[PDB]
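Participant: Quick one: the structure is below, and I'll ask about it shortly.
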Amino acid sequence: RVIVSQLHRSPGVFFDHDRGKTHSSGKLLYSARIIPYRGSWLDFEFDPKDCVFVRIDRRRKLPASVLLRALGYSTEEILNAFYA
Amino acid sequence: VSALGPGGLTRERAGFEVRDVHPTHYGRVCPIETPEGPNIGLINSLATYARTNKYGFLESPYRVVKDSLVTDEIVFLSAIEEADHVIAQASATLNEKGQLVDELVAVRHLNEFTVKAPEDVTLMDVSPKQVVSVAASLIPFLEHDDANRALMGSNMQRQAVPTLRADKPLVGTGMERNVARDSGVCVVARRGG
Amino acid sequence: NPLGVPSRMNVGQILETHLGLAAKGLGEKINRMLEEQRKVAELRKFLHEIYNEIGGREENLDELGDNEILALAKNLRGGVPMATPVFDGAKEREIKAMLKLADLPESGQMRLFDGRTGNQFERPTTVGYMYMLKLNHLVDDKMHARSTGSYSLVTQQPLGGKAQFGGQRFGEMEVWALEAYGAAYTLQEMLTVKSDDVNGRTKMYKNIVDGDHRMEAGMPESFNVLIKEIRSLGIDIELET
Amino acid sequence: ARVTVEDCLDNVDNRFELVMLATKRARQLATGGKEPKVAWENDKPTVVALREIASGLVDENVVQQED
Amino acid sequence: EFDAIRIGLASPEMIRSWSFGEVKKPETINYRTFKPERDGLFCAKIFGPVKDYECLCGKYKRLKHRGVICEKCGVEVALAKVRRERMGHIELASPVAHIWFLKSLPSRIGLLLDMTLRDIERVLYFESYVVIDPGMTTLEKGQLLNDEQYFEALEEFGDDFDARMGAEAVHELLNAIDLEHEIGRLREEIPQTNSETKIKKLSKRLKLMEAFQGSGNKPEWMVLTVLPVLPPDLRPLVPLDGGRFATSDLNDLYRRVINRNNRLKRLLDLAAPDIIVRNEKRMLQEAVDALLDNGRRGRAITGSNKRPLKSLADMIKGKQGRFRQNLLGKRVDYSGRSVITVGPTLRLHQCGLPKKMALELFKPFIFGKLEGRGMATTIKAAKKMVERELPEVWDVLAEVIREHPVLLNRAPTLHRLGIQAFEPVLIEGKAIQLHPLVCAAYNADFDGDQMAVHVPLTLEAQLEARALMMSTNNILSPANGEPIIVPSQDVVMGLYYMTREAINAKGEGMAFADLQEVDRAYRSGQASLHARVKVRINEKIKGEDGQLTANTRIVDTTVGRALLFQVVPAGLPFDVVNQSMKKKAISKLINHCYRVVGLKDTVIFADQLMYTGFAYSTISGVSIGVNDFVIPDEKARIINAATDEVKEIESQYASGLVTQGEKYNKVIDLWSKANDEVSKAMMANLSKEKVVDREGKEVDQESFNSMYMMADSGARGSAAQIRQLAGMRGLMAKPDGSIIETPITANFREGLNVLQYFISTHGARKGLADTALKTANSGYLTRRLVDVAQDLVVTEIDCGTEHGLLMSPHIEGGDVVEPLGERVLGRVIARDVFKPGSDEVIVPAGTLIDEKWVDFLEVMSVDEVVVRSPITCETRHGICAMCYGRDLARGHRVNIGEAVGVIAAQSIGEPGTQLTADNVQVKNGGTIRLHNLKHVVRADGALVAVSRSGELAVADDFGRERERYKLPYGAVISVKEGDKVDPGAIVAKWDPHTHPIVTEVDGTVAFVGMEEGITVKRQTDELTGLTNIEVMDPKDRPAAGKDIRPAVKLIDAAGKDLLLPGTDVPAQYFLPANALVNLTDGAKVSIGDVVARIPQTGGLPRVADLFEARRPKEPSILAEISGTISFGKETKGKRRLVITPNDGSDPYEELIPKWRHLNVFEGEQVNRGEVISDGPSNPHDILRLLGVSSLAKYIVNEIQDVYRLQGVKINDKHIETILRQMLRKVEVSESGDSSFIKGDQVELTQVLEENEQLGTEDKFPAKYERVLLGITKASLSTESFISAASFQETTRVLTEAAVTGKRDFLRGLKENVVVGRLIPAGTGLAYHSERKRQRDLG
Amino acid sequence: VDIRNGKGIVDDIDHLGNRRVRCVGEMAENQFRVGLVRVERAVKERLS
RNA sequence: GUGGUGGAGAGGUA
DNA sequence: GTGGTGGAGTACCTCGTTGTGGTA
DNA sequence: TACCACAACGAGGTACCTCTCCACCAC
Ligand SMILES: [Mg+2]
């Protein structure tokens, strides 16, 4: 027998802005995916109404503020670091 | 090199992106050697000079060229590192001293195909066969056959049957010696004597 | 068939055929000077003429005449093996020059003679030597055939393998094609008595060996299997008689 | 000759009832209960039945009466 | 016999009636003791005997008593097969909920209990209680509560408030439903509320209650107390060599559920803790769920294998998903297969056959014959001779083969020609010899195709094959009358080569007395095959029917054509072969001969023609060499010019004067033009590449380059392929669909660079990848089509309806796309046909249009006709034979019993694989005529037409419209109606570029409310580009100016108020934003003045979208009722333009949200059928507003556009038949005899209306609206549930049948298929007719 | 947020750089690691 | 008076 | 050999309906 | 209160050929 070399996606971060009719509008700078070599994949969705949603691989859309607060950044410190 | 299997796309997630050739496949994955049928493009074959990187990506050989002279040094390069360099086709006019004499030479700056000036080229390929597969390299006059028929020709070449008394093809691509040696079916002198 | 060339745009057949004709001509030629008991010098100079023509490079005069050249000619007597790279390969004019060197017709085409009528074909045809392969698709393992045999225990239907002496499946598209014709008796036959009728297959065997073709209809057991499983799904199923 | 399945199909203008009567005639042949009013040319009951109907010498009345 | 298969729910009583036992032991057969266990999954007490006619202890080994039950051996002695019918039950410790009725999209139990499935899911898992018998307490029946609330409620109430939890609570709810009382309450409540959603829910409740009451079904049976067990044979476990056993999934599921039930009973009898007992109840509920279905909730898995367990629903689905392999596929005996091989020595009706396949297939026939003639006395001897193959067996084998037709089919059968009958011929080999002409029908090349064989056994089947499926019978395509047994590549090459002319050839100019003389001269070799010669010939002409007129005529022809004519039958003029005989010419000649001479002679001609084509192609030394591809000398110069130009353009871009985007388009245009020039030059070079000398001066003639005949003859190849072969290959396209800015200058003879090959690889891989997905999509589409139209069969002979379709030649564009005669061929008329002068009956009535009649119509100036269609033919349950046109595979009219629906579906779906403006400019010189034109002449007579509906037709001198043009709103036209306009004239000078606001009134207007900044703005462009005032936007205006709208009050020049005709208000249309009022306020404007100016896929997906009639994302907004239109109120955000019809003002006019742009002009004629705002065209609103025939025409044109784009030809009969299948259902508005709103079969409506007319009251007759259904939707809504069950949604449709208690009378094709009965259509029509006769009549 | 705001460009999975080819060693090591963690948890349960 | 194949995976042909 | 049976590793289509809880 | 985003179900081509490989535990 022989083992055929598998060509697969390299683990890491990937940013997608593929236009889709999901927004029913022009386009969306779509989500980004971080893929681990082993573990869960975190997804950072971008809501059509200029909002950022974050979910685990098998979890529903949740706002990124939850993840920011869980990371320990303050609701204002995180904003001051990111938005400004 | 296949794309199915664990951690890989199934045949129900085919789409088109995985099943299509991109300029980044140049010299790394054979663009024409792949089985026609349900698994097309999903399961491909490496180029003749293909090479995995330390990081597992694909690297391809090229000769560094000075603005005039073609330096004999040879470098293996991955797709991401090919962006800056302007790559010239392996066949081009030469001044018998390494100087590209053509005025407008076909090149690829950032994976788009156009002509350029010899003063602008930075890398140029090793051999024209560095794009096709091993089976794809074995069809003579391949430059005169369309891509579909090349694919089928490779595929049936993969399914030949050894005859009672094999006879060497009168027309060959020179690669037959290489593949014959590389396959273990031939007894090879481990030590000279 | 030449007509397969222009549609499937692969000219490599024609160029390969021409070059192979040239190669075989050269092989026969060197065979004749070898049979003419030519001295080694003639063979060496002719070979150099071959290898100085267009591309690659000769390496002779580094080979001992009587040993190396004679062995090479003996091996080459069956035809000179050409080596053409995928894209750095032989140009058309190179093949043409070799052909005229091979004393063969320049255009690579000659008028042939019919092998039965003896009449020469009016137009010259392309002939030559082409590397032909035989694939692992021989009919000996493809010819399956079934009259009757074992059937699946669940549904009394022929097994599906040539290995299992199985019968082909008359897929749903086949039955559509059948009903597109007005042919319904054959459809009912192949649906019921040719397959999935325990009490029909035996009796039509009796009829056939008796020479009668009557084919009592019967009732497929696959449908009653569906009935049984639907009933096991807690769904009442019955016929109004 | 051969089966005149085209001209006879136009006479009845059905090409289905033709098959029906043909089946009954061939069964009459196989059962031996009747004679081929067409002279046999060494062939099986189906084709002789097709010739019988094609020549117009047998029809629904003829089949029923011969029954 | 039997009939009328039923569906019902399982009553535990009748379940036990079914059951032969109560399985209590989860374990099955003992491996150690080779026996099943009492109360096991295979217990003989329940299911029957292992070996036939035996008892457990073997006490009764005798076969005499086949029904007795022994004393020690309790299990009754009986036949062994009874293990397949006998079933058993399981007695459950608790009632458990059925999953299907719960997890189907409408939760049946939730619908019956009138609350959401969340609540029952809660209760099913013992999460919340529910009140039973609330009595006189604060609790209520629907109330559900938690543990703390439960304890509090028990404390406060104590009794008269029973709280329950679990599936048993649901069961107690079900039998306490008061179906009559609930139905009465729902009926009372339904009209009380006018809200749409609530009335919809109440309607569904009433439907369910009525179905239950009429069906006699008890809802309490929904939650089963006991469940049946599958008979052991259908769930067998098989052992393998080495002591391995392989058990079915159903056995594992049964073991699991029995285990859990035993757990429940034994923990229950000792009164286990309540938490533990409810937990076990829950796992038993989950286990029975997983048994009866899988993947819906839990997705149960097997042990040490990732493959999910295959539950019962997976069995009922069958293999291949829902397309039941066991039920419809059904592998067939007396079958075989092998690779094909071309047999050119084969007559059309015959095919080759390997000896071994023949002797294997016909083995019972061999046995019968051998026993008959006497060389076989025992069958062992017969087997002995057949295995040794004595020379004797070949004689009998040939005899049985002699007149036995054999049945052949390829793997992908896309139409009835994909499977054909042949008369086999024995050959020595292992391959199947095939007739070369039939390969086109099979679409089977000899590149390795395998061909499946079958043999018909009954005389019925053999006659069906010989008379209906013989290759000779089917010559013309069922899709279109064009022949399908047509000369292919090589024979076409031979024929074309024979029929050429050489300017100077041996023997030209000398004459022949007869064709035989020509053959004698040519075979002697003293005459060239193609030289201009004279020959007198004997042509038999059938110009008048009944007399075959023979005449002799001396003709100047070539030798080859004269030789060919000897093959042609005696019913055609010789002139039909005097031309070059290309492939299309050959097809036309074959079609002509078939319709003239007949069929037997037609096939004789076909075989002879093949023989001649093959022979003289063999004689011809036609061959391909590298010299054949000719590269024009000008190609190098053209390429150099293109390179120089593109280098100059690149330099210009680099200088910055040229932008990148414009440069890309410029260079691709340059390259395309250069490629076209190269292709044209090389084609001209090749075609005329022949210089010959004819007795002195050299001359030129048609080329004889081999590849040139390959192209021109049409045998093989195409101009595009020549372009790639001997010419520069043009632009290749990137994967994004963008054309690469650098082309491939080289051809294939020249060879390609690695880069150019790389790009060609992009293209080729694109095509190859798309191929498989296209095939899959086409397969799905054709399966849906055949399933939605399987039942439709020609049943009646003449409906007699006088409705048809006004059907005209395809004129789209400036040129005639499709001639009228070709469209009407094979159809039948629906009314009189008249001369241009009326009252002159040309074609009287429904007479079938034939070749004579189409030529007659061409003789006259017929342009528009109305033809009977299956959209007509109101006959119930079928289709009359007139409204469906002539049969396509037959020159004759269709016959009753022809499954046109299946034929139509196959024809439409077969070619799926092959798929993927200012002014009016007249084309030619013709008389100008106006259609649907409504406009008043301008002051100068410009006659600007602001009306939307209007078209311009350029009638020919005969009178027919050779072209038609659509006139846009606001089009100024040089109106000379009837005057011949020279070709290329621009008669109408429309130039919208904007939405102009016409002014049919005259005088000095008063632009009231035109505030400069609040409503208008005198903003002028640079260089005095305009002296105008631009209206202010409703948002960009001031806060008060936002509500201010400009209004040009219609005043005359002196001050007289002007008002629009019909309605008293002035034509003072508001001047919205982005308008252009260049006319000065108070300036008298002539009639038709532009007051305000407001500036404004294909392939299988398109046809699938049409066949589903899916609503586009933004459909074109269409008018409702004709009349006076109004303006929309943007304040609400939805433009409410009220309609004021003049005959009667109906204010009902919906408001279109401004999110979509509306191009409608306020205060105009509504034109009910017309479009208010542009966009893609929706189908349903055309059906409900424009009518039926209009919708059918639009759909047919839309589909045929896609099909004609690829050049594939299909008769409109098939698409129209599909359309008839779509519209089989109607919706009712006011019934008086049925529900208010119901999608019901139009047959039901017709029957009910006819009965009610001569019935109770004349007012009981119902008013209903026709409704359009997509094929997938329509097929699932068939009267017969079985067909939908075998199609898709098997769970859903089965649940509908169960809850509705449906009864299916097998009156469709697929039903008689699955049951194994004869087809209602075809030859089984007589059998079905007699069955109906004997059943209905006593 | 930069990509959404126009700073930078989206990634393209077409680039063979974004993909990677494994080799028998990689999946062999992965299977060995999986078996190793199973044996390790077994030992930790036992060697406690 | 008696007659012997599930599922998964992979590849290939048309 | 003959009773007896529960979760850390996996998530990577593509429409097209259909039903549902949210907001104007 | 009628649209509407969102989630779940349900479909996604025929036929044929070749190979290997098949629940654990556990006194
Ligand atoms: Mg083929």
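Letters A, B, ... mark the chains of the structure tokens in the order given; residue numbers begin at 1 per chain; ligand numbers begin at 1, in order shown.
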Pick out the chain C residues within 9 Å of chain D. Count only C-alpha atoms. Give them as number ranges by chain.
Facilitator: C: 182-183, 211-214
Participant: Using only C-alpha atoms (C1' of nucleotides) and all ligand atoms, which residues have at least one atom no more than 10 Å from ligand 1? Output them as an NGL selection string.
Facilitator: (:E and (340 or 443-450)) or (:G and (13-14))
Participant: How would the residues just picked look written out with N, CA and C atoms (P, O5', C5', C4', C3', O3' and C1' of nucleotides) as a PDB file, in the first residue's frame?
Facilitator:
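Contents of the output file selection10.pdb:
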```
ATOM      1  N   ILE E 340     -18.892  -2.571 -26.659  1.00  0.00           N
ATOM      2  CA  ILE E 340     -19.434  -2.522 -28.003  1.00  0.00           C
ATOM      3  C   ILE E 340     -18.322  -2.712 -29.021  1.00  0.00           C
ATOM      4  N   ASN E 443     -25.885   7.578 -28.264  1.00  0.00           N
ATOM      5  CA  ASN E 443     -24.801   8.485 -27.899  1.00  0.00           C
ATOM      6  C   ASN E 443     -23.600   7.687 -27.404  1.00  0.00           C
ATOM      7  N   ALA E 444     -23.356   6.554 -28.048  1.00  0.00           N
ATOM      8  CA  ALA E 444     -22.358   5.597 -27.602  1.00  0.00           C
ATOM      9  C   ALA E 444     -21.232   5.526 -28.616  1.00  0.00           C
ATOM     10  N   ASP E 445     -20.088   6.094 -28.266  1.00  0.00           N
ATOM     11  CA  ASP E 445     -18.881   5.891 -29.045  1.00  0.00           C
ATOM     12  C   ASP E 445     -18.240   4.571 -28.646  1.00  0.00           C
ATOM     13  N   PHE E 446     -17.318   4.103 -29.481  1.00  0.00           N
ATOM     14  CA  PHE E 446     -16.622   2.850 -29.231  1.00  0.00           C
ATOM     15  C   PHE E 446     -15.313   3.058 -28.487  1.00  0.00           C
ATOM     16  N   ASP E 447     -15.252   4.074 -27.636  1.00  0.00           N
ATOM     17  CA  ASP E 447     -14.079   4.327 -26.815  1.00  0.00           C
ATOM     18  C   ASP E 447     -14.063   3.495 -25.544  1.00  0.00           C
ATOM     19  N   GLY E 448     -14.864   2.439 -25.468  1.00  0.00           N
ATOM     20  CA  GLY E 448     -14.872   1.599 -24.290  1.00  0.00           C
ATOM     21  C   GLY E 448     -16.227   1.500 -23.629  1.00  0.00           C
ATOM     22  N   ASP E 449     -17.264   1.979 -24.307  1.00  0.00           N
ATOM     23  CA  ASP E 449     -18.602   1.907 -23.752  1.00  0.00           C
ATOM     24  C   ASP E 449     -19.042   0.456 -23.604  1.00  0.00           C
ATOM     25  N   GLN E 450     -19.722   0.178 -22.498  1.00  0.00           N
ATOM     26  CA  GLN E 450     -20.318  -1.123 -22.254  1.00  0.00           C
ATOM     27  C   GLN E 450     -21.814  -1.029 -22.497  1.00  0.00           C
TER      28      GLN E 450
ATOM     29  P     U G  13     -10.752   6.307 -15.517  1.00  0.00           P
ATOM     30  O5'   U G  13     -11.836   5.360 -16.190  1.00  0.00           O
ATOM     31  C5'   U G  13     -11.438   4.237 -16.959  1.00  0.00           C
ATOM     32  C4'   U G  13     -12.633   3.510 -17.508  1.00  0.00           C
ATOM     33  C3'   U G  13     -13.655   4.381 -18.207  1.00  0.00           C
ATOM     34  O3'   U G  13     -13.280   4.686 -19.535  1.00  0.00           O
ATOM     35  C1'   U G  13     -14.755   2.904 -16.727  1.00  0.00           C
ATOM     36  P     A G  14     -13.462   6.178 -20.088  1.00  0.00           P
ATOM     37  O5'   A G  14     -14.951   6.183 -20.634  1.00  0.00           O
ATOM     38  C5'   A G  14     -15.408   5.121 -21.449  1.00  0.00           C
ATOM     39  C4'   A G  14     -16.908   5.030 -21.441  1.00  0.00           C
ATOM     40  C3'   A G  14     -17.657   6.347 -21.516  1.00  0.00           C
ATOM     41  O3'   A G  14     -17.709   6.877 -22.826  1.00  0.00           O
ATOM     42  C1'   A G  14     -18.636   4.969 -19.870  1.00  0.00           C
TER      43        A G  14
END
```
Participant: Would you mind listing, as a list in words, all residues of chain I that have at least one atom within 6 Å of chain E, where only C-alpha atoms (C1' of nucleotides) are what counts?
Facilitator: residues 13, 14, 15 and 23 of chain I
Participant: At most 12 Å is the cut-off: for each residue in chain F with any atom that close to an atom of chain B, write down the nearest atom pair and the distance in Å rounded to one decimal, counting only C-alpha atoms, chain first then increasing number, as JSON lines.
Facilitator:
```
{"residue": "F:11", "atom": "CA", "partner": "B:80", "partner_atom": "CA", "distance": 11.9}
{"residue": "F:12", "atom": "CA", "partner": "B:17", "partner_atom": "CA", "distance": 10.0}
{"residue": "F:13", "atom": "CA", "partner": "B:17", "partner_atom": "CA", "distance": 8.0}
{"residue": "F:14", "atom": "CA", "partner": "B:22", "partner_atom": "CA", "distance": 6.4}
{"residue": "F:15", "atom": "CA", "partner": "B:24", "partner_atom": "CA", "distance": 5.4}
{"residue": "F:16", "atom": "CA", "partner": "B:24", "partner_atom": "CA", "distance": 5.8}
{"residue": "F:17", "atom": "CA", "partner": "B:79", "partner_atom": "CA", "distance": 5.4}
{"residue": "F:18", "atom": "CA", "partner": "B:57", "partner_atom": "CA", "distance": 8.4}
{"residue": "F:19", "atom": "CA", "partner": "B:57", "partner_atom": "CA", "distance": 7.1}
{"residue": "F:20", "atom": "CA", "partner": "B:57", "partner_atom": "CA", "distance": 4.8}
{"residue": "F:21", "atom": "CA", "partner": "B:56", "partner_atom": "CA", "distance": 6.0}
{"residue": "F:22", "atom": "CA", "partner": "B:56", "partner_atom": "CA", "distance": 6.6}
{"residue": "F:23", "atom": "CA", "partner": "B:56", "partner_atom": "CA", "distance": 8.5}
{"residue": "F:24", "atom": "CA", "partner": "B:1", "partner_atom": "CA", "distance": 11.4}
{"residue": "F:25", "atom": "CA", "partner": "B:56", "partner_atom": "CA", "distance": 11.3}
{"residue": "F:26", "atom": "CA", "partner": "B:56", "partner_atom": "CA", "distance": 9.7}
{"residue": "F:27", "atom": "CA", "partner": "B:6", "partner_atom": "CA", "distance": 9.6}
{"residue": "F:30", "atom": "CA", "partner": "B:6", "partner_atom": "CA", "distance": 11.4}
{"residue": "F:31", "atom": "CA", "partner": "B:6", "partner_atom": "CA", "distance": 11.7}
```
Participant: Please list as a PyMOL selection string every residue within 10 Å of residue 9 (chain D), counting only C-alpha atoms (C1' of nucleotides) and excluding residues in the same chain fewer than 3 positions away.
Facilitator: (chain D and resi 4-6+12-19+53-54) or (chain E and resi 467+892)
Participant: Keeping C-alpha atoms for every residue in the selection just given, could you write it to a file as a PDB file, in the first residue's frame?
Facilitator:
```
ATOM      1  CA  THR D   4     -44.724  -5.688 -42.334  1.00  0.00           C
ATOM      2  CA  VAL D   5     -45.046  -3.835 -39.036  1.00  0.00           C
ATOM      3  CA  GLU D   6     -45.359  -0.452 -40.791  1.00  0.00           C
ATOM      4  CA  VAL D  12     -55.465  -0.565 -37.824  1.00  0.00           C
ATOM      5  CA  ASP D  13     -53.905   2.871 -37.139  1.00  0.00           C
ATOM      6  CA  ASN D  14     -53.167   1.748 -33.583  1.00  0.00           C
ATOM      7  CA  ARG D  15     -49.900  -0.267 -33.450  1.00  0.00           C
ATOM      8  CA  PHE D  16     -51.118  -1.532 -30.048  1.00  0.00           C
ATOM      9  CA  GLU D  17     -54.230  -3.513 -30.915  1.00  0.00           C
ATOM     10  CA  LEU D  18     -52.055  -4.889 -33.696  1.00  0.00           C
ATOM     11  CA  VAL D  19     -49.818  -6.338 -30.988  1.00  0.00           C
ATOM     12  CA  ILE D  53     -52.382  -9.740 -39.884  1.00  0.00           C
ATOM     13  CA  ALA D  54     -50.298  -7.731 -42.365  1.00  0.00           C
TER      14      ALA D  54
ATOM     15  CA  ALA E 467     -43.369  -3.967 -33.480  1.00  0.00           C
ATOM     16  CA  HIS E 892     -49.156   9.278 -38.075  1.00  0.00           C
TER      17      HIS E 892
END
```
Participant: Name the residues of region 41-228 of chain C that fall into alpha helix (DSSP H) according to DSSP on the backbone, using the chain letters and numbers of this document, as a PyMOL selection string.
Facilitator: chain C and resi 41-51+70-76+92-101+172-180+185-188+198-209+221-228
Participant: Kindly assemble as CSV a list of the chain A residues that lie within 12 Å of chain I, each paired with its nearest atom pair and their distance in Å to one decimal, using only C-alpha atoms (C1' of nucleotides), sorted first by chain and then by ascending residue number.
Facilitator:
```
residue,atom,partner,partner_atom,distance
A:1,CA,I:20,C1',10.5
A:22,CA,I:5,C1',10.0
A:23,CA,I:5,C1',9.6
A:24,CA,I:5,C1',10.4
A:47,CA,I:5,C1',11.5
A:48,CA,I:5,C1',10.8
A:49,CA,I:5,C1',11.9
A:60,CA,I:7,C1',10.5
A:61,CA,I:6,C1',11.0
```
Participant: Please provide the set of residues having any atom within 6 Å of region 26-32 of chain C, restricted to only C-alpha atoms (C1' of nucleotides), with same-chain residues fewer than 4 positions apart removed, written as a ChimeraX atom specification.
Facilitator: /C:36,77-80,102
Participant: Dump as a list in words the residues of chain A that approach chain G to within 12 Å, counting only C-alpha atoms (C1' of nucleotides).
Facilitator: residues 1, 2, 3 and 4 of chain A
Participant: Between chain H and chain E, at 12 Å or less, what are the per-residue closest atom pairs and their distances in Å? Count only C-alpha atoms (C1' of nucleotides), order by chain and rising residue number, and return it as a Markdown table.
Facilitator:
```
| residue | atom | partner | partner_atom | distance |
| --- | --- | --- | --- | --- |
| H:1 | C1' | E:32 | CA | 9.5 |
| H:2 | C1' | E:32 | CA | 10.1 |
| H:3 | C1' | E:27 | CA | 9.9 |
| H:4 | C1' | E:259 | CA | 9.5 |
| H:5 | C1' | E:256 | CA | 9.4 |
| H:6 | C1' | E:303 | CA | 10.9 |
| H:7 | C1' | E:301 | CA | 11.9 |
| H:15 | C1' | E:1101 | CA | 10.8 |
| H:16 | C1' | E:1110 | CA | 9.3 |
| H:17 | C1' | E:1273 | CA | 10.2 |
| H:18 | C1' | E:105 | CA | 7.9 |
| H:19 | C1' | E:105 | CA | 7.6 |
| H:20 | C1' | E:116 | CA | 10.6 |
| H:24 | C1' | E:1132 | CA | 11.1 |
```
Participant: Show me, as number ranges by chain, every residue of chain C with an atom at most 10 Å from chain B, counting only C-alpha atoms.
Facilitator: C: 8-17, 19-24, 78-91, 129-137
Participant: Which residues come within 10 Å of residue 14 (chain H), counting only C-alpha atoms (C1' of nucleotides), excluding same-chain residues fewer than 3 positions away, as a list in words?
Facilitator: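 After dropping sequence-adjacent residues, the list is residues 12, 13 and 15 of chain B; 12 of chain I.
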Participant: Write the residues of the preceding selection, restricted to C-alpha atoms (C1' of nucleotides), as a PDB file, in the first residue's frame.
Facilitator:
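In the end it all went to result.pdb:
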```pdb
ATOM      1  CA  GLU B  12     -20.015  16.934  -1.406  1.00  0.00           C
ATOM      2  CA  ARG B  13     -18.142  20.202  -0.758  1.00  0.00           C
ATOM      3  CA  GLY B  15     -17.581  23.740  -5.461  1.00  0.00           C
TER       4      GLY B  15
ATOM      5  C1'  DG I  12     -28.727  17.376  -4.988  1.00  0.00           C
TER       6       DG I  12
END
```
Participant: Which residues of chain C come within 9 Å of chain I, and for each one, what is the closest pair of atoms and their distance in Å to one decimal, counting only C-alpha atoms (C1' of nucleotides), sorted by chain and residue number, as JSON lines?
Facilitator:
```
{"residue": "C:141", "atom": "CA", "partner": "I:17", "partner_atom": "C1'", "distance": 8.6}
{"residue": "C:142", "atom": "CA", "partner": "I:17", "partner_atom": "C1'", "distance": 7.7}
{"residue": "C:162", "atom": "CA", "partner": "I:17", "partner_atom": "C1'", "distance": 8.8}
{"residue": "C:168", "atom": "CA", "partner": "I:15", "partner_atom": "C1'", "distance": 8.2}
{"residue": "C:169", "atom": "CA", "partner": "I:15", "partner_atom": "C1'", "distance": 7.9}
{"residue": "C:171", "atom": "CA", "partner": "I:14", "partner_atom": "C1'", "distance": 7.9}
{"residue": "C:173", "atom": "CA", "partner": "I:14", "partner_atom": "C1'", "distance": 7.7}
```
